[PDB]
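Below is one structure; the comments refer to it alone.
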Amino acid sequence: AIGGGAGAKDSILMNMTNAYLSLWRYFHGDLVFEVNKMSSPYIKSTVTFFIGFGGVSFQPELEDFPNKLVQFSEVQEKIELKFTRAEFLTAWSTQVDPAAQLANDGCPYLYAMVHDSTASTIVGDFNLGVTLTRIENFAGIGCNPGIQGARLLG
Amino acid sequence: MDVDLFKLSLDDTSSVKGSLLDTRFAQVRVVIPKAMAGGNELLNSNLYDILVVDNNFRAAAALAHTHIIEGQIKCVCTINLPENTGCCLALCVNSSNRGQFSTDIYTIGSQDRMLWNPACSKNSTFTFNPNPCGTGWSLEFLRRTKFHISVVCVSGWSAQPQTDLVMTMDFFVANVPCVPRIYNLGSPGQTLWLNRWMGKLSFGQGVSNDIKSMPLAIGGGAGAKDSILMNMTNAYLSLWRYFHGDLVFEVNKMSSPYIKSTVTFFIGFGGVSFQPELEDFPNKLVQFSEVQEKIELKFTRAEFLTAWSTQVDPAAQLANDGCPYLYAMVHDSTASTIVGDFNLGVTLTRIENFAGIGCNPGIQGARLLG
Amino acid sequence: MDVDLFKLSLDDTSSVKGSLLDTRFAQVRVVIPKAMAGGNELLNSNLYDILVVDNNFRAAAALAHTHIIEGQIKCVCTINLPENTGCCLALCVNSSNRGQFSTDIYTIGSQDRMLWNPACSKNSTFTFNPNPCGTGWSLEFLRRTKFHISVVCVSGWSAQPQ
Amino acid sequence: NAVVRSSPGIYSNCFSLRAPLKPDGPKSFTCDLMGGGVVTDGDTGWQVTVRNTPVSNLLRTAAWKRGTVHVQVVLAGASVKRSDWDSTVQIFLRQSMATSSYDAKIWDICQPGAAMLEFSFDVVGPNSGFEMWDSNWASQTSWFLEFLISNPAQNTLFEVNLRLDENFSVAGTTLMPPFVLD
Amino acid sequence: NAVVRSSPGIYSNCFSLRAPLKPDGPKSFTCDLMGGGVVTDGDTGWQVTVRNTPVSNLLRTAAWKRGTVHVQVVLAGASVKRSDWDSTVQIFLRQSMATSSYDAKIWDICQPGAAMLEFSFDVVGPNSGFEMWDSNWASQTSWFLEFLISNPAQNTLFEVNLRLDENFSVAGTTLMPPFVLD
C-alpha cells in the first residue's frame, strides 16, 4: 500500500509519482522490483522473496508460495525480479491507515527471508535496497478521498 | 558444482488440478442426532473455520499456498438410509455473514443449495463458485470475506433410526472453470435464477378434502413474528412493480417412501373450497416412485394472461387479491402403514422469458410460508 | 442426485511430478559451528527420522501416501562464504546402517557422495537413487530399510568466520 | 423564486430521524448508506427508524455491489417565523468514520422552513468493480453521511431517500438478522 | 427555494480558514491554489490549515502542470437571525498579487447563514502548454484567490475544495520540505 508517501517525525515525504498514484482508490498490475546490493561483496546471503498477507512469524514451511531465490555473486550488483499479476487475485487499496492493526490490513506484502545464515569474515551487515521501478499492465479503479499519515520505511 | 538458483522452477503460479485423489483438501463429518425436528441447524460456520482444523490431505498445503485457484469447488455428501424412514437435508452456502443471523431455509437457500433426502439417494454432489463476480478464488479470500456454510434439517424423521448418525462430506477442486453470475438492474436477462423456497406442504393421512395454496406474489420476503426474512434474489425481484414469465418449479419428497400420494398441481385464482370439478384446468399429476425423489414441472406462460404484481399487502382480503395462486390437491387418499405425513417441498428455481414492468415503491409486510 | 462412487478417480497410482515447487517434500537446516576441526560429524541420522519432523510442504502428504515413486531424489545444498576462508563439506548417503558405526570419510563416501567447498561454490546439487537394485522407492521403504544420511566435515576452517 | 423541480426518478425513503424535544446545544448523527446503520452522537431522545423499502433491502442483503447511487436529502423544520431562523446544517459525505480519513463531499446549507438537496456517488470496488461492505479483504469501506446541526430546536425531521441507477449490479447473498417492522 | 445540486465529482478539501474571535473591521486573505500558500492580510488569530489531500499533494509536488481545475468554495456562518445578516463577501480570482495586474474573475455574494459557489480555470503554459509555479523562465505566475470580508463576526469558516479534470497532466518533480501533519 505504497500511496500516501513516506513517514517522518510528525511529517510526510512526497514526490510526484506517489502523488499521481494516490489519486486512485485501488490499483492492479504486475510489479517489477530491482534489488541492489549495498554491502561489501565479502558478506554473502541467500534471500527468498515472495508475496504474502498480514503478519507471519517465520514458519519454516513458508516457501510453498511461489518464491524467488536471490544469491549475489561478486560481479553481480543489481537484479530485476518481476512478480506477475497471476500472484494477485484482485486489486488492492493504494492507501492504508497507519493506526490500524495487522489483522485489519488487507493489502498484500512483500516478504524477504534468509534461506541460510549470513556468512562473512568482516563485522558488517548484509544490506539490500528494493525499488519498485515500474508497474506494467496498470489498472486504476475509483477515486481516493485521501487518508492522512504514512508508515515509516525500513 | 554450481547451478543458478534463479533459473529453477520455483515460480509455478498454476492452479491445483488432477484426479479426485490429488484435488481433495478438506473432509468434515457432522453428527445428525437421533431425535431431530424440522428447522434446527446441524452446522453453521465459516468455511475457513473448518477448512484448516485437522485437515491434512494431498492438496491441503497446495491450496493454502496458492494465490489464484481457477476451479469450482465440488462437494460430495454421502449418507444412506433404508426406505422405512425419511428426512430432508439441505446444504446451503452464502457469500457473506452478519451478526446474529437467521437460520431459516428461506434465507440460506438462495445462492447455492443442495437439498436431498437420504432415504432415496445414496450420495449427493453439487458444485459451486465461491466468487460470484469473478473467475477465481483463494483460501485467504474465503478467510477475509467471511464465506459461510450451513447444514440444516428442513424435515425431520418419519421413523427414528436406532442411533444418531454421522454424515461425512469431502471438498474437491473440480475441473470446471469459475463463471460469474451477476444480476444487472437495468438490462436483466431472459432467465432469472431465484431458487426461492416457496414452502413445505404436509398432507395428513385419512384426510378427505385438503388443498394447499401458494401465492405467486413472491416479492417482499417471508413473514415472521413481527419480522421479515429477505435474500438478494427476492430483493432484486421486488424492484419492479409487475413481472411476467413461465415459471419452473421443483418438487422434492421430504417424507418416507412408504407414504404415497398423488398430487395435482394447477394455477388458480382467489380462494376455492375444494370443488371436485377443479381438474378442468390444465393440471399436472405428480406421483412419486421409490427411487424418484425430485421432479421439475414447468408452467408455460400460456397459463398467464397478463403480468401480475410482485407484492400484495397481507392485510387484504381473499376477494381483494388479484395475483394467481399455485394449488396442490390430493387426487386420491394418502396411503401408508407408518404414522407419518406426506411432505413436499416446492421451490421456484428460475423464471424464463422474464419481463419486468414498472418500479415498486414498496409494501411493508409479508405473508407466512406453509 | 445420485452418482456412482465406484467410478470416481480415487485410484490414481501415479507418482509425484511437476515443477520444483510442487515436488519438494523436506527441508532441513544444520548448524555448522564456528570452530570445527577435520573429521567431526555435523549430522548423522536416518532419512525417515528427519523427513517427517515438522516438514509440511506441497508434496509432503502426497509423498507420505504413495506406494511407488519412480523418480530420483534431487538435493540442493546452499551455503556461501567469501574467498578469504575455506573448508570442505561432504554429504554422503548409504543404503543401511548397523550398531555403533564409524563416521570416517572413507566409510560413508562410497555409494553416493557430494563433496564441495563453499568458498568456491555458491550452491551444490546432486541426485541419487534410494533403491540401488530396483526402479522405485517409497517412504515406508526408507523407514524399514534404515536408509542413512550424514553430513561430515573433512577439512576445517582455514580462517574462522565471525 | 424559481420553480421546484427534482430528479425524474422515484426515490425510496430509507432513514427517518427526529431530533429530541428539549435540546441544549449542537447535535450530530451519521447514516451508513450501504450497511443500513445510524449512529447518533449524543444522548437518547433521537427517534431513528430504518424503513423496509426494496432499495434498502437490496443494499442490505447483497454482498457485491457496483454502480451509481442517487441520494436525496429532505430537511424539515418547525413553525417559526422567517425573521428568526438561525439554524445551519453541515453535511459531510465520507468513506470512513476514522479520524485519519478525509471527507469526500461537503455541503453547508441554511434555508428557513424546509430544504431539499440531491447528489450521487459511485460504488466501485476491487473485485471486478464490485465492493463488499466493510470487508478486510482489500481494506474496503462503506459510504457514510454525517449531519451536523447548529440549532436542533428549529429543524426536526430528516429524511434520506435512495434510488439505484440503471447500471447497478449485485452478486452474492449476505445472511442477516430479520428486519423488525415499523 | 430550488434544490441544492452540485457538481457530480469528488472534491478534496485543501485550505481551511477560521476568522479570529474578536474582530474590529473588514478582514481579507489570499490563497495560492497552485503553490499551497495562504497569506492573511492582518494580525494573528487566523486559524489557517493546509490539508494533505492527494490533489493538494499533486499540485505541490509537481513541476509542470497542464489542464482544467475545478474549485468549490463553501462559506459558513455563525448562528444569527436572518433579519440581522449584514455580511458581504467579495472574491477575486487573480493571476498575480502585484498592484499592476488585473483580476481575472470577480464574484460578490451576500447569502445569510451559509453559501456555496463553484467555478473552474485552466492551467496552460508556455512550454508545451505546461506551466511551472512562479518561474522566471517565461515570467510565469500562479493562480490566486483573494477573499474580502465586510463583517467577519458573522461568517467564520472558509473551505476551499479542488478537483482535477480528466485532461490534467503533470511532469517533473519538485523538492519540498516535509509536510507537517494536522
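Here Cβ is always computed from backbone atoms with ideal geometry, including for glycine, and neighbour counts include all displayed protein chains. What follows draws every value from the coordinates through simple rules; no lab data is involved.
Reported to the nearest whole Å, the Cα centre-to-centre distance from region B:315-370 to region E:120-182 is 65.
What does the charge dipole of chain A about its Cα centre add up to, to the nearest 20 debye, if the Cβ of each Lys and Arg holds +1 and the Cβ of each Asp and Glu holds -1?
Its charge dipole is roughly 380 debye.
Here is the list for region E:49-129: trypsin sites (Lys or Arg not before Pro) lying in DSSP coil, each with at most 15 other C-beta atoms within 10 angstrom of its C-beta, are E:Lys81. Residue pairs exceeding 23 angstrom between C-alpha atoms, taken from B:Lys34/B:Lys294; B:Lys200/B:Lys298; C:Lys17/C:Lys74; B:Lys122/B:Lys212: B:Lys34/B:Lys294; B:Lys122/B:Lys212. Of the chymotrypsin sites (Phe, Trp or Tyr not before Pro) found in region A:25-104, the ones in coil according to DSSP and having at most 15 other Cβ atoms within 10 Å of their Cβ are A:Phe58.
The residue list E:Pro177, E:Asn13, E:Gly36 was ranked by how far each Cα lies along the charge dipole of chain E toward its positive end, using unit charges on Cβ atoms, and E:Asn13 comes out on top. Ranking E:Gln95, E:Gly67, E:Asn57 by how far each Cα lies toward the positive end of the dipole of region E:29-107 (charges on Cβ) leaves E:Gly67 at the top. Among chain D residues, the one whose Cβ is nearest the axis of the rotation from D to E, given with its distance rounded to whole Å, is D:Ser83, 3.
Computed about its Cα centre, the charge dipole of the protein assembly as shown is approximately 400 debye, with only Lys, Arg, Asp and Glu carrying charge at their Cβ. Residue order for A:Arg85, D:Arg18, fewest other beta carbons within 10 angstrom first, comes to D:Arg18, A:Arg85. Every helix of 4 or more DSSP H residues in chain E counts as -39500 (n - 2.57), and over all residues that averages to -1000 deg cm²/dmol at 222 nm. Exposure proxy for E:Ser100, B:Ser150: other Cβ atoms within 10 Å of each Cβ, ordered fewest to most, give E:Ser100, B:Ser150.
Explain nothing, just the number: dipole magnitude of region D:16-96 about its Cα centre with +1 on each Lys and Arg Cβ and -1 on each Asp and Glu Cβ, in debye rounded to the nearest 20. Show your work: numbers first, answer last.
On the way: 10 positive and 6 negative charges, 73 e Å.
With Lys and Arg at +1 and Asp and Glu at -1, about 360 debye.
In chain B, helical runs assigned H by DSSP with n ≥ 4 each contribute -39500 (n - 2.57); averaged across all residues and rounded to the nearest 500, the mean residue ellipticity at 222 nm is -1500 deg cm²/dmol.
The separation of region C:31-92 from region A:67-104, counted between C-alpha centres, amounts to 29 Å. The distance between label points at A:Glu34 and B:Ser289 comes to 7.4 nm (points 7 Å beyond Cα on the Cα→Cβ vector). Sorted ascending by nearby beta carbons within 10 Å, beginning with the fewest, C:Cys120, B:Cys133, B:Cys323 become C:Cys120, B:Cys323, B:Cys133. Of all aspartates and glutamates in the structure, those lying under 19 Å Cα to Cα from E:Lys65, and not within fewer than 8 positions of it along the same chain, are E:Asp32, E:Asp122, E:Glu131, E:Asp134, E:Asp165, E:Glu166. The same position E:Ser169 in the other copies lies at 3.2 nm from this copy, comparing label points 7 Å beyond Cα toward the beta-carbon, shortest first. Stretched out straight at 0.36 nm per residue, the stretch from A:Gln101 to A:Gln76 would grow longer than its current Cα-Cα span by 5.1 nm.
Looking at the square roots a ≥ b ≥ c of the eigenvalues of the Cα gyration tensor of chain C, which shape do they give, rounded for a/c under 1.5, prolate if a/b is larger than b/c, or oblate? It comes out prolate by the Cα gyration axes.
Using a basic spin-label model with each label point 7 Å from the Cα along Cα→Cβ, how many nm lie between E:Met97 and A:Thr133? Distance between the two pseudo-spin positions: 4.4 nm.
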